[PDB]
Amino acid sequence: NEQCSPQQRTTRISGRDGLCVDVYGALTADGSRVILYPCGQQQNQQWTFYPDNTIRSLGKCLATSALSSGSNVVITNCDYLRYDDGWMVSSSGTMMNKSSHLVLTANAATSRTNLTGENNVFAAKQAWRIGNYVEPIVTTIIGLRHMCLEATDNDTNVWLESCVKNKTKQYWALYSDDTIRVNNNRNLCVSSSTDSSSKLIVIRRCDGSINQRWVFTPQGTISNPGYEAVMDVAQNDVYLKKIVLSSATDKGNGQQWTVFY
């Protein structure tokens, strides 16, 4: 069978604020930088993946421009990577240079923002959705006692309420930067505590930070890889109206969650 070993595939890459990985003005030359840009069908946002561990747009390979942090990510000649191990992509969508360990990062959220190789801190700005469907997935998030998450107190807080179908604030838009956003107001994000004294999960303006990166794991948890912890219901009691970040434990079902779209 030669369908188990597919030789290539062309697709887009989306990330911070749902903007796409884009080589600036379709420039051919080696070292031509790569940026955030609003998503479209143009040839310079098409990324073709290969068993070579390469990611190609305009017949040229995506690559970091320095061993140090802070330098641009570029496109260049694929002949120059002749004995290079290339890119590796984690389950959570962290695109990493295998040699330097630098990770694709968008240090701002606006159009024409230079993309750089930086050190991985598991931020939202370092999370990426490889795939043609770049849109936010509008969904409900069901948890303990079959209840839906709901944005509350003027989109500042979040806890469990009983699932009402029409209800606006129970719907969440899942972005390509691993962020869980309010569907009615997509400037706002689900965020872990900024205060050290609290472990309470709250809603804040999106800022590309570690606190707002969320992975929906196959084992049914909602993981924040930076803080090595998962969303949990407080004291496994939904009526306490508090969702908290906790170390992963099979004691209880407060750390089990479903996506329903």
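Between two forms, the rigid core is the largest collection of C-alphas that superpose within 1.5 Å. Throughout, we count residues from 1 along the sequence that is shown.
In a rigid core superposition of the other structures in 8 other deposited structures of this protein, 101-109 and 116-124 differ in how far their CA atoms stray, and the farther one is 101-109. As the entry records it, the average C-alpha temperature factor is higher for 113-121, out of 113-121 and 169-177. Just going by the entry, 75-83 versus 148-156 on mean CA temperature factor gives the higher value to 75-83. Of the candidates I222, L200, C39, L62, the PDB record gives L62 the highest C-alpha temperature factor.
Take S191, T139, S99, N132 and read off each C-alpha B-factor from the entry; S99 has the highest. In the deposited entry, the Cα temperature factor of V182 sits in the bottom third of values across the chain's modelled residues. Looking at the C-alpha B-factors along this chain, the one for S247 belongs to the middle third. In this PDB entry, the Cα temperature factor of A108 sits in the bottom third of its chain's modelled residues, the lowest group. When the CA B factors of the chain's modelled residues are split into thirds, the value for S69 lands in the highest one. The PDB entry assigns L27 a C-alpha temperature factor belonging to the highest third of its chain's modelled residues.
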